[PDB]
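This document opens with one chain alone, in structure tokens, the form deposited in one PDB entry.
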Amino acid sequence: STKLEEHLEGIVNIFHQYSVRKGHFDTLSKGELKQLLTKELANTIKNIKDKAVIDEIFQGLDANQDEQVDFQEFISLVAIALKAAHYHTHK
């Protein structure tokens, strides 16, 4: 298992330590996602100098509350944070 594979597993692991808490073990409510993002990306968020980017991380987490967040939807948010984090390494 490479360092890259350990990071992928690590990201899955973080999703799961939230998703297992309530409801279906493999999804999150939008409320739980929002808590996850606010805490687990707190620095990434502080350092992002274009707030469109913040808004984009949080887009739609205050409506369609009946619809749950699966890992696929989480991957999309990870992709956004991975761009933000790259960019920050060049600041």
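The first residue of the sequence shown is number 1, and the count goes up from there. Between two forms, the rigid core is defined as the largest C-alpha subset superposing within 1.5 Å.
Same protein, other form: the form deposited in another entry, not shown, and the subject of what follows.
CA of residue 47, rigid core aligned, shift of 2 Å or more between this form and the one not shown: Indeed, residue 47 is displaced by 2 Å or more.
Core-superposed comparison between this form and the one not shown, residue 62 Cα displacement 2 Å or beyond: Yes: residue 62 shifts by at least 2 Å between this form and the one not shown.
Sense of the change in Cα distance from residue 53 to residue 8 in the other entry - at least 3 Å versus the shown form: Their C-alpha distance grows by at least 3 Å in the other entry.
Cα separation of residue 7 and residue 52 in the other entry versus here, shift of 3 Å or more: It is farther: the C-alpha separation of residue 7 and residue 52 rises by at least 3 Å in the other entry.
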